[PDB]
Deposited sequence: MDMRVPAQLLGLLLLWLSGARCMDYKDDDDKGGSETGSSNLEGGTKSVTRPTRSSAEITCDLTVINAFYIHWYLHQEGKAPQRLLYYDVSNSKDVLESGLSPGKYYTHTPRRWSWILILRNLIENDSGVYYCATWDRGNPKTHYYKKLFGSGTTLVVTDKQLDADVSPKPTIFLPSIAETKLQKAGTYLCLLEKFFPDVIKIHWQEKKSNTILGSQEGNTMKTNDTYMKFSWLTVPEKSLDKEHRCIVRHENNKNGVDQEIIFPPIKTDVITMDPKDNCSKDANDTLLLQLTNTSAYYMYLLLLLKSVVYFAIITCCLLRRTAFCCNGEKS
């Protein structure tokens, strides 16, 4: 899952990761806060035409197939009441869903860099005798789209470590999160990472904060 942060009166591309061979119809759902998931439209793929809902005229939603078996929902003329989570779905019975894509529609009220900026911490000196352990802390701040994922990895491994996050608290116009990890005794003086996934992360590639012994 990621975020999209287009402004008002713009266009937005929302792609879904649900890879299915020989589909027939691709439904598109929208979930807003305190409401229900409603279907917006569904796209015939043997005829390549959209069938809309009883609420709006054409010229708003468009389903684009860039490659074979890949779909993108293009929205047009974005208004602030268009923001929510967008799924794609297919039948089989059950109906599989497609992991969500938050869309945030702002009035270009950023005016700076909104990348997550770490201010990492180190374990105390008194914790490292009477507990046989030590704890890190990786505070991030000043990031706008709020769809962020902090997870910790080893120095060289593919394991996910037992981190314990907190609530995405809101500053006056930006946000802030912190995650922290406790490591045992004989794996203490090694390297650790605080990998941070975000949308407004420079060069598209997610951050990777290295932690000392």
Missing residue ranges, deposited sequence indexing starting at 1: 1 to 44, 137 to 144, 266 to 331
